[PDB]
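For reference, the structure is listed below as structure tokens.
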Amino acid sequence: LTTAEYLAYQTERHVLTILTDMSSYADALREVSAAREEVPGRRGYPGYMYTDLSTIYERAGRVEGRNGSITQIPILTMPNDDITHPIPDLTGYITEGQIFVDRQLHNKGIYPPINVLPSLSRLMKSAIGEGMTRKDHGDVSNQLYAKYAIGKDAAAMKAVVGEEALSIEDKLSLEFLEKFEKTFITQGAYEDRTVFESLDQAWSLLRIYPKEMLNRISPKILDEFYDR
Amino acid sequence: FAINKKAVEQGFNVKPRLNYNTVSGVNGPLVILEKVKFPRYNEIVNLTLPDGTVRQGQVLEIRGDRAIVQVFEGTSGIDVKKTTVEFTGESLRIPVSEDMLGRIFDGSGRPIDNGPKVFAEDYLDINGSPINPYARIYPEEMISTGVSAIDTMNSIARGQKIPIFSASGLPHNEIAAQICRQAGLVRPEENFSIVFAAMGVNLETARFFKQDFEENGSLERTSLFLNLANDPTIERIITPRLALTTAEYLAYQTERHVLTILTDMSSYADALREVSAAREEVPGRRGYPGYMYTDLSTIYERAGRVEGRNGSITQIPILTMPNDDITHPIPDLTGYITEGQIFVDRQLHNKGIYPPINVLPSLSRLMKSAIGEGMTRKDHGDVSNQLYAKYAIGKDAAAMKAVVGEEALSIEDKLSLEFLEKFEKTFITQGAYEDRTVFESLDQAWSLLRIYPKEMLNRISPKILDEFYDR
Amino acid sequence: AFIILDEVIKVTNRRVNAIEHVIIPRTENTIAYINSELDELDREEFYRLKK
Amino acid sequence: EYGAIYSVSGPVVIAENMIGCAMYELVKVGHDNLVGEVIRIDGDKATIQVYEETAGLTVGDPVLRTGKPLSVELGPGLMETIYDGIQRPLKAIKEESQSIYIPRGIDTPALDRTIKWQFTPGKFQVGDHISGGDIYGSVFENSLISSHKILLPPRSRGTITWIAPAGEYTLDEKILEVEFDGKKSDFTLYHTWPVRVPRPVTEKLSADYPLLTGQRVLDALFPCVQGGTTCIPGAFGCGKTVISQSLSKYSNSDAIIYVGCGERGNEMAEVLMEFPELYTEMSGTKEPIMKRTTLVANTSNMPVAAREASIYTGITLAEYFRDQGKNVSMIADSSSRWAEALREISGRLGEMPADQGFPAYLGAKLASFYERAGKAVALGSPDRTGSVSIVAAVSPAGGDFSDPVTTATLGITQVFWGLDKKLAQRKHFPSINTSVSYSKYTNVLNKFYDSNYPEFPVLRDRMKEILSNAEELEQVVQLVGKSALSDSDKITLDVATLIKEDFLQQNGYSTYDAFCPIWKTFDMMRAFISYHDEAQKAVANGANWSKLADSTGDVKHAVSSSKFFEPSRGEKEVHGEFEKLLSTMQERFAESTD
């Protein structure tokens, strides 16, 4: 972080740091302060780990005096695939949202196995928008998230009841979820797509639904784009 | 009559009072004197800060020539050079006189009604000795709460201990105020009194209590011990002892049928966990001290009628389950010590039902000794069971209505469905200022029962059916 | 009507049997396991505080 | 008089050879004069908390006493500024050093001593007797607040001797001399007050005036009275990120002080940009809202001992502003982070947690902090009247309510606005759960309601009953299916869905939806409940709701679209439009009912 700060704030060049496996760092931090006999924190970790991780993370952002930038992409490792563990809990408390990775998707041979349901990026609303990007970016994402949640819950309920208790919404949502998981998220390791191509794919996926159940989208964008 | 000799013997004997200046360390809410002489566990002290301010405290521990005082009003501003510590020479005592009624007392018992001093008729140790079990008897008669859903179905026999469970955001305080306002005996009063001690309450609730008890005349039958939320916790744990002691004095030395309420115990549990953390006792289950059973028993079990004296006593502690689970230690222990419970459902409150009480989980174990002849009418015990059974049936009938339509339901099912709604909307639903006698509630219950055909009310005895079903 | 009623009652009865004989045991065993783990954690926490 | 350092560990420092210190003195430790305050005393050694970074210190360093607990400076110039957890201006520091870092040990006056303020003498004259909290002059500060009163600090009285006349003064020239046993009394335009001691006040009162948050769900089902507490989960998408802005823009708050306890750090920059250019239109389109709002920003990295006191600083400032007879409304940012800081301090000291790692006095401290809210009458001669309305914002700790901080807050807080996972998952931005949230000011607000709108209580109760019935029916409908349902059941279900998707939902970004006045909410509520009761009456007398729905579709669409009537057009013509819509609904049902 010191090297990154020097380069970004005293050479005027954008930076992107990638530091891996904060879990090992936290474990080593626990090992120390265990040789001591300090009042142990939750699950034995030191109480001041929050302050330590805040110190580590805060070195980021931008300053008006300079014109360089610094971006952090730390990598975590939940011990038992549980987000309630102190390490990920504090990390979420500090950083601005996180990108989740799921075991189920990998089991189903889907790459990149990213689970959108628990992921978010707080700065998205400020960055996206007209001029910066296509205007529909700020609402198609919400619509897709809602449809994904609906499909997931419908499948979960059907698993115990079955098709008989399914309305049109559930039937549409199951197939939409299947298509989304198997076409949108999945992509090759060396395959890349601009924002606009992804938007077009998203509209192609959404066009399955009738024009009237896309309530979460504004009428203007719906009329402009869903038409064709 | 010879009590005068004892009063004078220990009365007219003044004794000096020490004064120390040897403050020799401090640790948070504690204070550590150094060279005390013949200390005494559980004394009372009066600190004097260098600014002239005055506070209080109560020792906790004593080593060889050492004391550990804890200050009520925090510890900020003290010093190890100029503070002077004055001992008292005897444990905490309360001024007791017949004329408490009407006045309002703070947590520690200093009047806060802008009135004169107590003019004590005597002094007492706050935590008196336990009652001798061999000198105790059973409840017998009933107490009129005035609440339809309580008196009719959960009558309270004098000498009982019935807590009232409730959730966080529920109007339990209003129900308690209404109960305290409408209490009284039954005449098929010169003998009734109430003690209403509140611990850990907002300012708005305290002001509302005071203003309501003022203009409704109930004040001169009560003696409140208010304790706001921002006051010292030690005073909080103290307050219920004061209330119980004064109530016991009244009941068992003036022969008055008295009723006591507490309005909270969760905050008492918090104040209790706070203590034993000043000490180094490791936390118990859920962080609570393990030994809460003993002290809670001490609080509760100073109740019930007594053999010789004509007085009596009754308690209605009010709990607050944290997350609406009975598995929490506080409600578990309270149910273990007390008889039956009174619930307060959230859903009913959502539907605007006041008092939002659900009767299915409610229970009173001493009902059978409460109702009867003379003490009340003869048809109470049967209508109670009948209404309970029909409400239970109506709930499930409403449940099945959505799955099997309405026609497939038996005639019984339709009648029960109608009766359920009528009962909820009329019987339980009672105005904040609507006072009803037991007789009126019984008549309304009969009116509701009249929905069913006379034959079908199986659980009711034929005699009562013949006698009252008419009209 | 006879055929429709027969098939409907067969389906519902088998569904009820499946629920009773599968779901409830599966969930209550998990309930017991979760209770055991949450009881386990406090033990070591208390040991550490005692230390 | 100085004390030598004797042991160092993280921020905790153990000085020694320091007797005569109080419990919370301020000690300027280190050759650089870092600021700290004592915690524990035993013999001569005295544990010292440090409000900065302790690196490079060596034993034998000097330690100096001050003898006065932590306090903040009060006076003109507070408004339209920004501070850290210890009241250090940030514009001044950067301007002075031209650096992007906060040099350690840097000290600057909390209020610029250079500016000259115009002063108008009050109504007192030589020889008069004066008491603490009495006004003796007013000073113009901004066009948005032109009556920054001057108060004689409490715990001070006597007979005035000399008074300064009108003119221009910077806040250092003494302008008052009070006679007493000693004439030491000399008062400038500013004074100071210890934070941890609640400020004195003549008496408290009962709050009986609503606050208009401009959001239908809150302002309709769980109203927030003026001078009352609150709790609001933070999710960045449950509207909370913008409810503060709406409150600042619309609610009649003569002054507000946003407080950021544990902000992430970039959101700080975002909000800091946003505030300077948010406009309020009240007696002129006064562009700078910052003219009516200070700000106490504390990120994670600042020392924990600063985070644990930021909220105390904020509440003390709000109380001072209340003293002048205004209507302040403070808003915290994360009580959970503050509790975490308290836990960290307790762990550092060597205490013994008893509530899943937290100390035991956490509840007592939270109660003390909350207890300073509420309307009250000032302590002065002119008989002022103020009000303080703190709006805390607890943060979910994973589990919904298992955390003890939420339990403690619920134990005292009056109004609670829970969070719903399901609605958030469905982008229903206002995610207030209408099953757990509650508000205890409904009982009292009827006094104001009947004076202007008698129908709120019964109508609101009817709506809540409708929603509860709909949800309980939904509980069972899934396990079977909506086949064996009466007409009334379908009516209730569809009405509940319509209300939930039209009444409750609202986006804080469209002009017609930004702020919903009370009258508009009242009329739109009347529309829905009247529609429901008319449908119930029509079906009860015998009819098939399936056929009726075909005709009703038109009026159903009408009521669903009614919300799009933007306010700020007539404020009364809208009411006439709603009345016409209601009459036409009655007519259409009557004719179609044929």
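Protein chains in written order, with the entry's author numbering: chain D, 260 to 487; chain B, 9 to 196, 205 to 487; chain M, 155 to 205; chain C, 23 to 616. All C-beta atoms in this analysis are idealised placements derived from N, C-alpha and C, irrespective of residue type, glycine included.
Whether residue i touches residue j by CB criterion (9 Å)
i: residue 402 (chain B); j: residue 458 (chain B); result: no
i: residue 627 (chain C); j: residue 175 (chain C); result: Absent from the model: residue 627 (chain C). The displayed extent of chain C is 23 to 616, so no value can be given.
i: residue 181 (chain B); j: residue 216 (chain B); result: no
i: residue 266 (chain D); j: residue 327 (chain D); result: yes
i: residue 349 (chain C); j: residue 266 (chain C); result: no
i: residue 69 (chain C); j: residue 371 (chain C); result: yes
i: residue 625 (chain C); j: residue 510 (chain C); result: There is no way to answer for residue 625 (chain C), as the model of chain C reaches only from 23 to 616.
i: residue 171 (chain C); j: residue 436 (chain C); result: no
i: residue 102 (chain B); j: residue 212 (chain B); result: no
i: residue 443 (chain B); j: residue 156 (chain B); result: yes
i: residue 506 (chain C); j: residue 421 (chain B); result: yes
i: residue 439 (chain B); j: residue 407 (chain B); result: yes
Buried/exposed call for residue i, threshold 16 Cβ in 10 Å
i: residue 242 (chain C); result: buried
i: residue 195 (chain M); result: exposed
i: residue 186 (chain M); result: exposed
i: residue 479 (chain B); result: exposed
i: residue 45 (chain C); result: buried
i: residue 408 (chain C); result: buried
i: residue 162 (chain B); result: buried
Whole-Å CB distance - residue i paired with residue j, under 8 Å assumed
i: residue 303 (chain C); j: residue 355 (chain C); result: Their Cβ separation, rounded to whole angstroms, is 27 Å, which puts residue 303 (chain C) and residue 355 (chain C) out of contact at 8 Å.
i: residue 427 (chain C); j: residue 358 (chain C); result: 6 Å
i: residue 182 (chain C); j: residue 203 (chain C); result: Not really, about 15 Å apart at Cβ, beyond 8 Å.
i: residue 41 (chain C); j: residue 34 (chain B); result: That pair is no contact at about 13 Å.
i: residue 272 (chain B); j: residue 207 (chain B); result: 6 Å
i: residue 401 (chain C); j: residue 224 (chain C); result: 5 Å
Of the listed residues the options, nearest to residue i (C-alpha basis)
i: residue 122 (chain C); options: C:612, C:131, C:112; result: C:112
i: residue 201 (chain M); options: D:447, D:358, D:302, D:344; result: D:302
i: residue 219 (chain C); options: C:66, C:338, C:445, C:584; result: C:338
i: residue 80 (chain C); options: C:37, C:387, C:491; result: C:37
i: residue 411 (chain D); options: D:437, D:445, D:453; result: D:437
i: residue 154 (chain C); options: C:597, C:596, C:404; result: C:404
i: residue 546 (chain C); options: C:521, C:422, C:387; result: C:521
i: residue 388 (chain C); options: B:322, B:51, B:286; result: B:286
i: residue 291 (chain D); options: D:384, D:307, D:453; result: D:307
i: residue 465 (chain C); options: C:483, C:213, C:448; result: C:483
i: residue 156 (chain C); options: C:467, C:604, C:399; result: C:399
i: residue 141 (chain B); options: B:477, B:149, B:133, B:322; result: B:322
i: residue 358 (chain B); options: B:61, B:393, B:86, B:158; result: B:158
i: residue 299 (chain B); options: C:503, C:373, C:261, C:97; result: C:373
i: residue 177 (chain B); options: C:471, C:89, C:459; result: C:459
i: residue 25 (chain C); options: C:66, C:528, C:61; result: C:66
i: residue 341 (chain D); options: D:329, D:361, D:434; result: D:361
Residue i - partner residues in DSSP beta bridges
i: residue 247 (chain C); result: C:232
i: residue 184 (chain C); result: C:199
i: residue 215 (chain C); result: C:94
i: residue 374 (chain D); result: D:359
i: residue 171 (chain C); result: C:160
i: residue 208 (chain B); result: B:273
i: residue 109 (chain C); result: Paired residues: none, contrary to the question.
i: residue 308 (chain C); result: C:302
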